[PDB]
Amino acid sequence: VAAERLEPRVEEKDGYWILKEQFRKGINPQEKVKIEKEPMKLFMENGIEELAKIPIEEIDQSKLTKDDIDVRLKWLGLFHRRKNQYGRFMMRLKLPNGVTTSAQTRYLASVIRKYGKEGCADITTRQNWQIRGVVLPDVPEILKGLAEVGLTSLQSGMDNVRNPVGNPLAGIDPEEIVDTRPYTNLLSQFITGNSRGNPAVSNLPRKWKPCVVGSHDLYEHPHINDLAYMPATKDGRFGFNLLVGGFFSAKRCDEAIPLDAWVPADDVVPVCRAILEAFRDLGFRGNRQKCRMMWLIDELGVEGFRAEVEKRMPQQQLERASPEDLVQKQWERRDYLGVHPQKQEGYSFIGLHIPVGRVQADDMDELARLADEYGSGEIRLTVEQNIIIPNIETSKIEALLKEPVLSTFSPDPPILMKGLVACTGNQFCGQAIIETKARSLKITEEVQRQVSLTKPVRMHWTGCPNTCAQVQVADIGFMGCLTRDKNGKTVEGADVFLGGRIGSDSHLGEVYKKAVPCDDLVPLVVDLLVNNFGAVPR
């Protein structure tokens, strides 16, 4: 690799970071959008105010403004549902470590309630909230309301740092390694510039996902993150070994690899900055399918990339990885659903199953009420699109278990539901090939009616090859496709994946059977469970 290759490709200009003229040749259309107008201006210069006043039919008549609503607004966490819900926007937060409050939950509920049949909310596979039904004229008021309850939606889509994932049991688990909340909080504050916006990290070549590990269970899925902080002592000091480049895409899935670097705990933000700066400065900006950070690591080599991180550290020093970390390989991932004692004596947390992560406004109000009446007003989201309500006096549990809402959001659902994960799918997502959420519930219900089991089999349903529901981590994964019935008629189908493992001995699953009609999945899955996971016919 030439020294020429290491020339930073972006420069700061008027508070924003833009591609240098000499590196603009051959860029993808999204890069052209970012050059034509800096997306962060919609927030940081209040461009949203004037944009929100223009009727959508008029917005659609010019490239600049159509790109505003279809692309640039994703820097404000707003996602136009052009194909499947025209004129309406999904909105996605920053929610480091999945931690929310009853006040925030009620606020989000009040927004979606306004939109009636066009509104609902979802828990995401990055332990985050999404809301639906948002109309453009309401955006300025929603941004204000979010700020008032201590939320931001900044930089949650497109070429930005995505939600920082942590340990859902942070601070409450007797068995935790390190409380991940301070670190995920610090990362979120850094990424979003304390909710004001941080242009230094908003013009990446592509999305980029961080997590901080605090559990032996590895609830955080470090193996699939662009940066994962693995807790580790080095030379008598607490810090993190760093894994880099993990990602999924339609083209390629790759597990994170060691950077061969360790940082003391206080260097979490400096190293996140250094890595993001290296990626921003040096990343390829052509074919979008070759823009994720792992591709830069492949081009430079891990040592080449490491040197670029090192040069961007304060005092330009980066220690080598510590030989061992604090994560025990001897571990069985713990089921967090149900009632469990906290490390604080006299207190319990409860894990509640949220069927395919979908909630309506009334459901959100009920969950917020439970958190206030029984806990401390806190609600935690998980990457299996479930919830935990922590900080419940254990003496209140008998009463809690009698709450009617717990029949819908159960602390002890059937075992197959506990592990069921499904992406948005074609109810709202324009990329989706099939319907996912309703289908996956119906199929899982019919399968569990036929078999009993004891192994916690994890089933993931994703609507297209983008694999937002991570089918490659599943015991049994289902990827949307169109296929053919016995009469050659078009029907919805799934490619079925097997082999995904999580925790310390992680592994990426692969396609086992292509193009199975959805209507034929029940018998296939019943047999797989009996034949491979010890399930017993009922």
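Position 1 is the first residue in the sequence shown; the rest follow in order.
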Comparing 261 to 269 with 118 to 126, the higher average Cα temperature factor in the PDB entry belongs to 261 to 269
Comparing mean C-alpha B factor in the record for 292 to 300 and 356 to 364, the higher one is 292 to 300
Per the deposited B-factor column, the C-alpha that peaks among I56, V496, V473, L482 belongs to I56
Looking only at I392, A228, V149, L78, the Cα with the top B-factor belongs to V149
Of the three thirds of the chain ranked by Cα temperature factor, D325 occupies the highest
Of the three thirds of Cα B-factor ranks in this chain, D217 occupies the lowest
Of the three thirds of Cα B-factor ranks in this chain, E384 occupies the lowest
Here the Cα B-factor of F279, set against its chain, lands in the third termed middle
Binned into thirds over the chain's modelled residues, the C-alpha B-factor of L508 lands in the middle
